[PDB]
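You are given structure tokens for the same protein chain in two forms, set apart as structure 1 and structure 2.
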Structure 1
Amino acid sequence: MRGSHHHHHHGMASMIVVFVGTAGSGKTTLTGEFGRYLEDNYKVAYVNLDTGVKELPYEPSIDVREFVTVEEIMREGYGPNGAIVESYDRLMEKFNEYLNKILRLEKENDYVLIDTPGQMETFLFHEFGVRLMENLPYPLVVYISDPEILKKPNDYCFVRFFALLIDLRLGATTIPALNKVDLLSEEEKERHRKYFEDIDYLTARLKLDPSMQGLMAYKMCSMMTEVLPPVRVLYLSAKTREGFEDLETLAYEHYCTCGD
């Protein structure tokens, strides 16, 4: 039950799940709702690494906003993007303190869910995100996309290649995911399934496009197949809980694979 005080055998490895995605893709909604789903059976901790957000739908165990917020920095004269970068520059003076706090959490909880800066570039291109990721034990990254971006074959290539680049940059296993699938018709869902998950098939379709862009997509997609095995993809809805069972399975499978 959610109201149970679940016990974690201290030091028994936890599952650290890190949600990453462009601003508005659903990281925060997913963090809260997936955590609520897990709370029935597991001891869950939440980490908020976003300095921007006004209201969280979960109760954070760690909340970087207690140190500084973007809104506070803007009151000092910064523009919003200037303030975002500055908030993470300032947060770096507390890096070891936050890192150590998260490590403590991983020892005391079954799951640690980490909700990242609202702009994924703040997480990928700032030392704070990079250094954190380097120092966590086998975190699982779930990279969520908004299906609205996926209109033509080349778009599927773009999103899958981006996921590979996140893996490269963060040095962590990255699961490509769609969020907001509740907004999709069954016809829409099937189209996405055709192109988004089967890379051999996507590659084949890109090969048919004789244009410069198609050629490029075909080369990148083909390289991707050789640089990365198959990989399971997720179709999630942070609103309806669609795909949560799938995510939970993948996390447990990653858990088992790690530490062997």
Structure 2
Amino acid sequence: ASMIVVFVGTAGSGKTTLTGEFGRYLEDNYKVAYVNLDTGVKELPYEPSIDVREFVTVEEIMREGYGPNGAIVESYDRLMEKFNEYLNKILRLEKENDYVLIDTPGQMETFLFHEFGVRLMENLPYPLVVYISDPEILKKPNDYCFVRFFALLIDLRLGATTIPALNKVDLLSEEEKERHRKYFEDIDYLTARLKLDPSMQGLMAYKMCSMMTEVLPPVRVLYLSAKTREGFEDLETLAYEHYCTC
């Protein structure tokens, strides 16, 4: 049919921007759709073909009673109702578009723990998942293993090739933006330093890693910058290369 990319990434990871900034760069050579599944956001750098707000806004479920966490859960419980509609709504978008950029809710776990997100994922035609991570949590070894495991988690949960990605690599350094790569592209040295950590964690973080030594093909980490179109091109390849594979 055509390529679909789901941007999953925790609150404040700046994925929405990326979601928009990637599309406009893709509107130069490709026809682009824009699905927003987030029920709680103010603006959008983009014009959604599909918007969950038109049905329901967290802001609403507020002026009704619930608080934040409770509103969120109700929105996606009210969505699992306009579901089979809302689904098809994304397929009829497939065959009139080259890329289709899906923008999952800020509460990653919303999309991740509640049928609305999982199911929608089963119904999509081999979607690629780009797991945006914010580089300001990569400080110590575990953190690297932590983020990469979770990414695999997502892959597992959502059943869809999931790509680890660092965001906002502009606000990076020089060697820093390569230190990160030492704990990434290279999957061996990460485990190497984990073996050094004599602490309980270090034990199972280390033991955890070897998720490669055992089994589960390496995977390539994407470095991206919404603002300065960093690694944007590569997303495309991967997109195609995955779209091909499957």
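Here, rigid core means the biggest group of C-alpha atoms that superpose within 1.5 Å across both forms. Numbers follow structure 1, counted from its first residue as 1.
Rigid core superposed between structures 1 and 2, residues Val68, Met216, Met224, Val53 considered: the one with a C-alpha shift of 2 Å or more is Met224. Its Cα shifted by 2.4 Å, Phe196 is compared between structures 1 and 2 on a rigid core fit. Its Cα shifted by 0.6 Å between structures 1 and 2, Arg131 is reported here after superposition on the rigid core.
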